[PDB]
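Participant: Next up is a structure, given as C-alpha cells.
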Amino acid sequence: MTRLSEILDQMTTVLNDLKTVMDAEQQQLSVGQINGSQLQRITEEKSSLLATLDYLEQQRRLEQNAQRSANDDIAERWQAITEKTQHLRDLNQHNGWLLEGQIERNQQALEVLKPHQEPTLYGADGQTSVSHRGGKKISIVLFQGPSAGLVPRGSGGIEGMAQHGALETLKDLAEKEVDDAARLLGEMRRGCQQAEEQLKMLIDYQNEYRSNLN
C-alpha cells in the first residue's frame with residue numbers, strides 16, 4: 001500500500017495548476033481578445049501537464065494491478081482527482097466551444113478584410129447566438145480553419161458563410177490573425193481534445209478504486 005499515494009498526489013497538484021491554466025486560457029477565449037505570448041505560455045503548461053496526467057493515468061492502472069487501497073491518503077487524492085478532472089472536463093468542453101467559435105469568428109473577420117474576388121455573398125456584419133455543443137465545420141476561409149460556433153459572452157458572430165478563394169501570394173495582418181489564432185487555438189483545440197477525453201475516461205474507470213476498506 002504505497003506508490004498510488006505519490007501518483008495521485010502528482011495528478012491532483014497538476015490538476016490544481018490545470019485549474020489555474022485551463023480556466024485562464026478559457027477566460028481569454030470567452031473575452032474574445034486572443035493574447036499571443038500569454039496563451040502560448042498557458043497552452044504550453046496545459047499540454048505538458050496533460051502529458052503528465054496521461055503517464056500517471058496509464059501507470060495508475062498499472063498500480064491498480066500492482067497496488068490497491070487499504071489507505072486513506074490514496075482515497076483523499078482520488079476524490080480530489082475526480083472533482084478537479086470533472087470541473088476541468090466541463091470548462092474544457094466550454095474551452096473547445098470558445099476555440100471553434102473564436103476561430104470561425106476569425107474566418108468571417110478575414111472574409112470582411114478580404115475583397116470579394118470569387119462568387120461569395122458579402123463581408124457583412126451580424127450578431128448570431130449559439131450556446132450548445134457542436135462546432136467543427138469545414139475550412140470557412142482559404143486558410144485551414146475547420147471550426148464553427150461562437151463565444152456565448154462575445155455575442156457578435158456573423159452569418160455562417162464560406163468563401164472558396166483558394167489562391168494567395170502576399171498577406172500582412174490577415175496572416176498574423178491566422179498565425180496567432182489558428183496556431184494557439186489549434187494547439188489548445190488538440191490539447192483540450194486530449195484533456196476532456198482523458199479526464200472523462202479517468203472518472204469513468206475511477207470508480208474501480210475502493211475506500212480504506214478493501
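We label chains A, B, ... in the order they appear in the C-alpha cells, count residues from 1 in each chain, and number ligands from 1 in the order shown.
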Can you tell me, as JSON, numbers by chain, what residues are no more than 7 Å from range 102-115 of chain A when counting only C-alpha atoms, ignoring any on the same chain fewer than 2 positions away?

Facilitator: {"A": [32, 98, 99, 100, 117, 123, 124, 140, 141, 145, 147, 148, 149, 150, 151, 157, 158, 174, 181, 182]}

Participant: May I have the selected residues written with N, CA, C and O atoms, as a compact mmCIF listing (two decimals), in the first residue's frame?

Facilitator:
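File produced: result_24.txt:
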# COMPACT_ATOMS: atom_id res chain seq x y z
N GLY A 32 -12.78 37.22 -26.05
CA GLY A 32 -12.66 37.43 -27.49
C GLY A 32 -11.27 37.90 -27.89
O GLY A 32 -10.84 37.66 -29.02
N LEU A 98 -15.41 27.62 -27.23
CA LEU A 98 -14.91 29.01 -27.33
C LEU A 98 -13.86 29.12 -28.43
O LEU A 98 -13.80 30.13 -29.13
N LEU A 99 -13.03 28.07 -28.55
CA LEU A 99 -11.99 27.99 -29.58
C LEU A 99 -12.61 27.98 -30.96
O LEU A 99 -12.42 28.92 -31.70
N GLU A 100 -13.42 26.95 -31.24
CA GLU A 100 -14.04 26.74 -32.56
C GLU A 100 -14.94 27.93 -32.95
O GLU A 100 -15.04 28.29 -34.14
N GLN A 117 -13.51 38.32 -54.48
CA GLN A 117 -12.83 38.11 -55.78
C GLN A 117 -13.44 36.92 -56.54
O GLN A 117 -13.28 36.82 -57.77
N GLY A 123 -18.96 40.49 -47.20
CA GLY A 123 -18.33 40.56 -45.88
C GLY A 123 -19.16 41.42 -44.93
O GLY A 123 -18.70 42.47 -44.47
N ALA A 124 -20.39 40.96 -44.66
CA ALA A 124 -21.37 41.69 -43.84
C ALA A 124 -21.08 41.53 -42.34
O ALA A 124 -20.20 40.77 -41.95
N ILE A 140 -13.64 27.41 -43.36
CA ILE A 140 -14.54 28.51 -43.75
C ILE A 140 -13.88 29.48 -44.75
O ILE A 140 -14.48 29.89 -45.76
N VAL A 141 -12.64 29.83 -44.45
CA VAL A 141 -11.81 30.75 -45.25
C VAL A 141 -10.79 29.91 -46.08
O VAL A 141 -10.75 28.68 -45.92
N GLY A 145 -8.92 26.65 -41.33
CA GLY A 145 -9.68 26.97 -40.11
C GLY A 145 -11.00 26.21 -40.07
O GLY A 145 -12.07 26.82 -40.22
N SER A 147 -13.68 24.99 -38.28
CA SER A 147 -14.31 25.19 -36.97
C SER A 147 -15.66 25.91 -37.14
O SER A 147 -15.94 26.44 -38.22
N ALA A 148 -16.46 25.92 -36.06
CA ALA A 148 -17.79 26.56 -36.07
C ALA A 148 -18.25 26.96 -34.67
O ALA A 148 -17.74 26.48 -33.67
N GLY A 149 -19.26 27.85 -34.64
CA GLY A 149 -19.91 28.29 -33.41
C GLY A 149 -19.66 29.76 -33.12
O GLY A 149 -19.40 30.55 -34.04
N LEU A 150 -19.72 30.11 -31.83
CA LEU A 150 -19.48 31.47 -31.34
C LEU A 150 -19.27 31.42 -29.82
O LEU A 150 -19.86 30.57 -29.13
N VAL A 151 -18.42 32.32 -29.32
CA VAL A 151 -18.25 32.54 -27.88
C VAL A 151 -19.55 33.18 -27.30
O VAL A 151 -19.97 34.25 -27.75
N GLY A 157 -21.43 37.24 -33.60
CA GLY A 157 -20.93 36.38 -34.68
C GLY A 157 -21.67 36.63 -35.98
O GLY A 157 -22.89 36.75 -35.99
N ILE A 158 -20.93 36.71 -37.09
CA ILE A 158 -21.51 36.92 -38.43
C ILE A 158 -22.12 35.59 -38.93
O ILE A 158 -21.72 34.51 -38.47
N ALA A 174 -3.85 39.75 -41.94
CA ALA A 174 -4.67 38.52 -42.02
C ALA A 174 -3.84 37.26 -41.72
O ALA A 174 -4.33 36.33 -41.09
N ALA A 181 -4.19 33.13 -33.94
CA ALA A 181 -5.40 32.37 -33.58
C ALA A 181 -5.27 30.89 -33.98
O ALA A 181 -5.19 30.05 -33.10
N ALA A 182 -5.16 30.57 -35.28
CA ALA A 182 -5.24 29.15 -35.74
C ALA A 182 -4.13 28.27 -35.13
O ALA A 182 -4.38 27.10 -34.82

Participant: Restricting the calculation to only C-alpha atoms, which member of A:28, A:12, A:5, A:92 is positioned closest to residue 73 in chain A?

Facilitator: A:5

Participant: Considering only C-alpha atoms, can you say which of A:14, A:53, A:22, A:42 comes closest to residue 90 in chain A?

Facilitator: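 Nearest candidate to residue 90 in chain A out of A:14, A:53, A:22, A:42: A:22.
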
Participant: Within 8 Å of residue 46 in chain A, counting only C-alpha atoms, which residues show up once you throw out same-chain ones fewer than 2 positions away? Write them as an MDAnalysis selection string, please.

Facilitator: chainID A and resid 18 21:22 42:44 48:50 191

Participant: What is the distance, in Å and to one decimal place, between CA of residue 79 in chain A and CA of residue 214 in chain A?

Facilitator: 16.7 Å

Participant: Applying 12 Å and only C-alpha atoms, which residues near residue 61 in chain A remain after dropping the ones on its own chain fewer than 5 positions away? List them as JSON, numbers by chain.

Facilitator: {"A": [3, 4, 7, 8, 54, 55, 56, 66, 67, 68, 202, 205, 206, 208, 209]}

Participant: Go ahead and write the selection's residues with N, CA, C and O atoms as a short mmCIF file (atom, residue, chain, number, x, y, z; two decimals), in the first residue's frame.

Facilitator:
data_model
loop_
_atom_site.label_atom_id
_atom_site.label_comp_id
_atom_site.auth_asym_id
_atom_site.auth_seq_id
_atom_site.Cartn_x
_atom_site.Cartn_y
_atom_site.Cartn_z
N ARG A 3 2.82 4.09 -3.53
CA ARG A 3 3.01 4.37 -4.98
C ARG A 3 1.83 5.16 -5.59
O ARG A 3 2.03 6.26 -6.10
N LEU A 4 0.60 4.59 -5.52
CA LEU A 4 -0.65 5.31 -5.84
C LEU A 4 -0.74 6.65 -5.09
O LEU A 4 -1.10 7.64 -5.69
N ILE A 7 1.47 9.09 -7.02
CA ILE A 7 0.93 9.28 -8.39
C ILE A 7 -0.31 10.17 -8.38
O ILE A 7 -0.43 11.08 -9.20
N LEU A 8 -1.21 9.88 -7.44
CA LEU A 8 -2.48 10.58 -7.31
C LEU A 8 -2.26 11.97 -6.70
O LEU A 8 -3.05 12.89 -6.95
N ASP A 54 -1.44 11.85 -18.35
CA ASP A 54 -1.56 10.69 -19.24
C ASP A 54 -0.61 9.56 -18.81
O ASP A 54 -1.02 8.39 -18.76
N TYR A 55 0.65 9.92 -18.47
CA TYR A 55 1.65 8.94 -17.98
C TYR A 55 1.23 8.41 -16.59
O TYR A 55 1.36 7.21 -16.31
N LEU A 56 0.71 9.31 -15.74
CA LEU A 56 0.23 8.97 -14.38
C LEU A 56 -1.04 8.11 -14.43
O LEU A 56 -1.27 7.31 -13.55
N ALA A 66 -0.89 -3.46 -9.47
CA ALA A 66 0.27 -3.63 -8.56
C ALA A 66 -0.13 -3.41 -7.09
O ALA A 66 0.23 -4.19 -6.21
N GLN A 67 -0.87 -2.32 -6.86
CA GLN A 67 -1.33 -1.89 -5.52
C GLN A 67 -2.86 -1.85 -5.46
O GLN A 67 -3.55 -2.07 -6.47
N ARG A 68 -3.39 -1.60 -4.26
CA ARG A 68 -4.81 -1.28 -4.04
C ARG A 68 -4.89 -0.26 -2.88
O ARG A 68 -3.88 0.39 -2.56
N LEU A 202 -10.91 9.02 -17.19
CA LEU A 202 -10.33 8.91 -15.83
C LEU A 202 -11.45 8.59 -14.85
O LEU A 202 -11.47 7.49 -14.28
N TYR A 205 -13.51 5.11 -15.34
CA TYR A 205 -12.92 3.89 -14.77
C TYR A 205 -12.59 4.06 -13.27
O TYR A 205 -12.37 3.07 -12.58
N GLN A 206 -12.54 5.33 -12.80
CA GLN A 206 -12.03 5.69 -11.46
C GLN A 206 -12.82 5.05 -10.29
O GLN A 206 -12.26 4.82 -9.22
N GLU A 208 -13.49 2.13 -9.89
CA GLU A 208 -12.81 0.84 -9.64
C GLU A 208 -12.05 0.84 -8.29
O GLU A 208 -11.90 -0.21 -7.65
N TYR A 209 -11.57 2.02 -7.88
CA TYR A 209 -10.86 2.20 -6.60
C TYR A 209 -11.85 2.08 -5.41
O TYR A 209 -12.95 2.63 -5.47
#

Participant: Have a look at A:35, A:26, A:40, A:13 and name the one nearest to residue 184 in chain A; count only C-alpha atoms.

Facilitator: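 Among A:35, A:26, A:40, A:13, it is A:40 that comes nearest to residue 184 in chain A.
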
Participant: Check the smallest atom-to-atom distance from each of A:1, A:163, A:139, A:185 to residue 71 in chain A using only C-alpha atoms, then report the winner.

Facilitator: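 Using only C-alpha atoms, the shortest distance to residue 71 in chain A belongs to A:1.
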
Participant: I'd like the interatomic distance between CA of residue 176 in chain A and CA of residue 29 in chain A, to a tenth of an Å.

Facilitator: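 The value is 17.0 Å.
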
Participant: Could you give me, as a ChimeraX atom specification, the residues within 9 Å of residue 121 in chain A, counting only C-alpha atoms and dropping anything in the same chain fewer than 5 positions from it?

Facilitator: /A:116,161-163

Participant: Store the residues picked out above in a file with N, CA and C atoms, as an mmCIF file, in the first residue's frame.

Facilitator:
data_model
loop_
_atom_site.group_PDB
_atom_site.id
_atom_site.type_symbol
_atom_site.label_atom_id
_atom_site.label_comp_id
_atom_site.auth_asym_id
_atom_site.auth_seq_id
_atom_site.Cartn_x
_atom_site.Cartn_y
_atom_site.Cartn_z
ATOM 1 N N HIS A 116 -14.020 40.605 -52.075
ATOM 2 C CA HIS A 116 -14.781 39.543 -52.754
ATOM 3 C C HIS A 116 -14.270 39.397 -54.210
ATOM 4 N N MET A 161 -21.220 31.932 -43.372
ATOM 5 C CA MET A 161 -20.876 31.957 -44.803
ATOM 6 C C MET A 161 -19.474 31.361 -44.983
ATOM 7 N N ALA A 162 -19.193 30.839 -46.178
ATOM 8 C CA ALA A 162 -17.884 30.264 -46.526
ATOM 9 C C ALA A 162 -17.505 30.701 -47.946
ATOM 10 N N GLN A 163 -16.270 31.207 -48.107
ATOM 11 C CA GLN A 163 -15.699 31.527 -49.430
ATOM 12 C C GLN A 163 -15.147 30.246 -50.085
#

Participant: Could you give me, as a VMD selection string, each residue of range 60-175 of chain A that DSSP assigns to alpha helix (DSSP H) when run on this structure's backbone?

Facilitator: chain A and resid 60 to 66 72 to 113 174 to 175

Participant: Would you save the residues of that selection, restricted to N, CA and C atoms, as a short mmCIF file (atom, residue, chain, number, x, y, z; two decimals), in the first residue's frame?

Facilitator:
data_model
loop_
_atom_site.label_atom_id
_atom_site.label_comp_id
_atom_site.auth_asym_id
_atom_site.auth_seq_id
_atom_site.Cartn_x
_atom_site.Cartn_y
_atom_site.Cartn_z
N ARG A 60 -1.25 4.56 -13.24
CA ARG A 60 -2.26 4.40 -12.17
C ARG A 60 -2.97 3.05 -12.31
N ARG A 61 -3.35 2.72 -13.57
CA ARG A 61 -3.98 1.43 -13.90
C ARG A 61 -3.01 0.26 -13.65
N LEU A 62 -1.71 0.47 -14.00
CA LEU A 62 -0.63 -0.49 -13.66
C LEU A 62 -0.53 -0.67 -12.13
N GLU A 63 -0.81 0.41 -11.37
CA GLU A 63 -0.81 0.40 -9.89
C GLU A 63 -2.16 -0.04 -9.31
N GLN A 64 -3.21 -0.12 -10.13
CA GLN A 64 -4.47 -0.77 -9.72
C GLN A 64 -4.30 -2.30 -9.81
N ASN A 65 -3.37 -2.73 -10.69
CA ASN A 65 -2.90 -4.13 -10.75
C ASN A 65 -1.83 -4.41 -9.66
N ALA A 66 -0.89 -3.46 -9.47
CA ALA A 66 0.27 -3.63 -8.56
C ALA A 66 -0.13 -3.41 -7.09
N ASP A 72 -6.13 5.79 3.44
CA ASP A 72 -6.98 7.00 3.31
C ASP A 72 -6.29 8.07 2.47
N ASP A 73 -4.94 8.07 2.46
CA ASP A 73 -4.13 9.04 1.69
C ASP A 73 -4.49 8.97 0.20
N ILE A 74 -4.39 7.74 -0.35
CA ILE A 74 -4.74 7.42 -1.74
C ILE A 74 -6.21 7.84 -2.04
N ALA A 75 -7.09 7.66 -1.03
CA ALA A 75 -8.54 7.94 -1.14
C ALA A 75 -8.84 9.45 -1.22
N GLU A 76 -8.12 10.26 -0.42
CA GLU A 76 -8.26 11.74 -0.41
C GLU A 76 -7.80 12.31 -1.75
N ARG A 77 -6.66 11.77 -2.24
CA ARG A 77 -6.09 12.15 -3.54
C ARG A 77 -7.07 11.79 -4.68
N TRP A 78 -7.65 10.59 -4.57
CA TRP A 78 -8.64 10.04 -5.52
C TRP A 78 -9.87 10.95 -5.68
N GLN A 79 -10.45 11.38 -4.54
CA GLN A 79 -11.62 12.29 -4.52
C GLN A 79 -11.26 13.64 -5.14
N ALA A 80 -10.06 14.14 -4.79
CA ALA A 80 -9.51 15.39 -5.33
C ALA A 80 -9.39 15.32 -6.87
N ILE A 81 -8.97 14.14 -7.37
CA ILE A 81 -8.82 13.90 -8.81
C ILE A 81 -10.18 13.95 -9.51
N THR A 82 -11.14 13.13 -9.04
CA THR A 82 -12.48 13.02 -9.67
C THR A 82 -13.19 14.40 -9.74
N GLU A 83 -13.08 15.19 -8.64
CA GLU A 83 -13.61 16.57 -8.55
C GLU A 83 -12.99 17.47 -9.63
N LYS A 84 -11.64 17.59 -9.59
CA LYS A 84 -10.91 18.53 -10.46
C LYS A 84 -11.01 18.12 -11.94
N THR A 85 -10.85 16.82 -12.24
CA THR A 85 -10.98 16.27 -13.61
C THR A 85 -12.39 16.51 -14.19
N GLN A 86 -13.43 16.44 -13.32
CA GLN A 86 -14.83 16.73 -13.72
C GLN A 86 -15.01 18.21 -14.11
N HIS A 87 -14.50 19.11 -13.24
CA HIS A 87 -14.63 20.56 -13.43
C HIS A 87 -13.79 21.03 -14.62
N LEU A 88 -12.62 20.38 -14.80
CA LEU A 88 -11.70 20.66 -15.91
C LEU A 88 -12.32 20.18 -17.22
N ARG A 89 -12.95 18.99 -17.21
CA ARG A 89 -13.60 18.40 -18.40
C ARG A 89 -14.74 19.31 -18.88
N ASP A 90 -15.48 19.86 -17.91
CA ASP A 90 -16.62 20.76 -18.16
C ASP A 90 -16.17 22.08 -18.81
N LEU A 91 -15.25 22.80 -18.14
CA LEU A 91 -14.71 24.08 -18.65
C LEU A 91 -13.89 23.86 -19.93
N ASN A 92 -13.42 22.61 -20.13
CA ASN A 92 -12.67 22.19 -21.33
C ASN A 92 -13.62 22.04 -22.53
N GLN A 93 -14.83 21.52 -22.25
CA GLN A 93 -15.89 21.41 -23.27
C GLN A 93 -16.31 22.81 -23.73
N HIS A 94 -16.44 23.70 -22.73
CA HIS A 94 -16.69 25.12 -22.94
C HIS A 94 -15.50 25.77 -23.68
N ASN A 95 -14.26 25.40 -23.28
CA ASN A 95 -12.99 25.94 -23.84
C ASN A 95 -12.90 25.62 -25.34
N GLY A 96 -13.21 24.35 -25.68
CA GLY A 96 -13.21 23.88 -27.07
C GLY A 96 -14.28 24.56 -27.91
N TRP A 97 -15.45 24.80 -27.29
CA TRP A 97 -16.56 25.56 -27.91
C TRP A 97 -16.14 27.02 -28.20
N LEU A 98 -15.41 27.62 -27.23
CA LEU A 98 -14.91 29.01 -27.33
C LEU A 98 -13.86 29.12 -28.43
N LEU A 99 -13.03 28.07 -28.55
CA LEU A 99 -11.99 27.99 -29.58
C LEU A 99 -12.61 27.98 -30.96
N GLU A 100 -13.42 26.95 -31.24
CA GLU A 100 -14.04 26.74 -32.56
C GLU A 100 -14.94 27.93 -32.95
N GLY A 101 -15.54 28.55 -31.92
CA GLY A 101 -16.33 29.76 -32.08
C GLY A 101 -15.50 30.99 -32.43
N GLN A 102 -14.33 31.14 -31.77
CA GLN A 102 -13.42 32.29 -31.96
C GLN A 102 -12.61 32.14 -33.26
N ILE A 103 -12.40 30.87 -33.67
CA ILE A 103 -11.68 30.50 -34.90
C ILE A 103 -12.58 30.84 -36.10
N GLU A 104 -13.87 30.40 -36.05
CA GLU A 104 -14.84 30.71 -37.12
C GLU A 104 -15.12 32.22 -37.19
N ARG A 105 -15.19 32.87 -36.00
CA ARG A 105 -15.33 34.35 -35.88
C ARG A 105 -14.16 35.04 -36.61
N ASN A 106 -12.94 34.48 -36.42
CA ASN A 106 -11.72 34.95 -37.09
C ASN A 106 -11.85 34.81 -38.61
N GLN A 107 -12.42 33.67 -39.08
CA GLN A 107 -12.53 33.37 -40.53
C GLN A 107 -13.54 34.31 -41.23
N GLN A 108 -14.66 34.67 -40.54
CA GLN A 108 -15.61 35.70 -41.04
C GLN A 108 -14.95 37.09 -41.03
N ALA A 109 -14.10 37.35 -40.02
CA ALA A 109 -13.34 38.61 -39.92
C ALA A 109 -12.35 38.74 -41.10
N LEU A 110 -11.75 37.61 -41.50
CA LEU A 110 -10.85 37.54 -42.67
C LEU A 110 -11.63 37.83 -43.96
N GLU A 111 -12.84 37.24 -44.06
CA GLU A 111 -13.80 37.49 -45.17
C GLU A 111 -14.12 39.00 -45.30
N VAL A 112 -14.29 39.67 -44.15
CA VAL A 112 -14.60 41.11 -44.06
C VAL A 112 -13.40 42.00 -44.52
N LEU A 113 -12.17 41.59 -44.19
CA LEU A 113 -10.94 42.34 -44.58
C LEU A 113 -10.51 42.01 -46.02
N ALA A 174 -3.85 39.75 -41.94
CA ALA A 174 -4.67 38.52 -42.02
C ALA A 174 -3.84 37.26 -41.72
N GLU A 175 -2.56 37.27 -42.15
CA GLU A 175 -1.64 36.14 -41.92
C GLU A 175 -1.31 36.00 -40.42
#

Participant: For residue 27 in chain A, which residue among A:137, A:183, A:171, A:153 is the nearest when counting only C-alpha atoms?

Facilitator: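 Going through A:137, A:183, A:171, A:153 one by one, the smallest distance to residue 27 in chain A is for A:153.
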
Participant: Nearest to residue 156 in chain A among A:125, A:187, A:179, A:17, with distances taken over only C-alpha atoms: which residue is it?

Facilitator: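 Answer, going by the shortest atom-to-atom distance: A:125.
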
Participant: Record the distance separating CA of residue 200 in chain A and CA of residue 24 in chain A, expressed in Å with one decimal.

Facilitator: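 About the pair CA of residue 200 in chain A and CA of residue 24 in chain A: they are 20.6 Å apart.
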